[PDB]
């Protein structure tokens with residue numbers, strides 16, 4: 171031994187993994203957050219106006235721009251990103 175017992179066992183993930191197999195695989199989150207069959211949204215798509223959250227870039231801003239001028243009801247559902255309204 172000269173730093174730790176082993177280096178990459180392959181897998182495991184258990185309560186007793188916290189130090190022994192910490193470098194093996196912890197991932198980060200035990201499940202995730204969402205995004206299944208979805209596209210890559212780790213690109214930092216759209217931040218929500220309410221604070222700092224995010225929404226999927228299924229629309230850029232220019233395409234919502236045309237939709238905005240043509241609509242702009244009251245934002246509401248798009249109040250989270252008012253480029254989709256006027």
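Numbering (this note's numbering), first residue to last: 171 to 256.
The beta carbon of each residue, even a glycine, is placed where N, CA and C say it ideally should be.
Simplified DSSP state of residue i, which is helix, strand or coil
i	result
residue 158	As shown, the chain starts at 171 and ends at 256. That puts residue 158 outside it, with no answer to give.
residue 252	helix
residue 196	coil
residue 235	helix
residue 206	coil
residue 230	coil
residue 186	helix
DSSP beta-bridge partners of residue i
i	result
residue 225	216
Beta-carbon proximity list for residue i, same chain, < 8 Å, skipping 5 on both sides
i	result
residue 218	224, 225, 250 and 251
residue 182	191, 194 and 195
Close-in-space but distant-in-sequence residues of the same chain around residue i (CB under 6 Å, 5 per side omitted)
i	result
residue 245	252 and 255
Buried or exposed (CB count within 10 angstroms, at least 16 for buried), residue i
i	result
residue 220	exposed
residue 227	exposed
Cutoff 7 Å; reference residue i; Cβ partners in own chain excluding five residues on either side
i	result
residue 205	211
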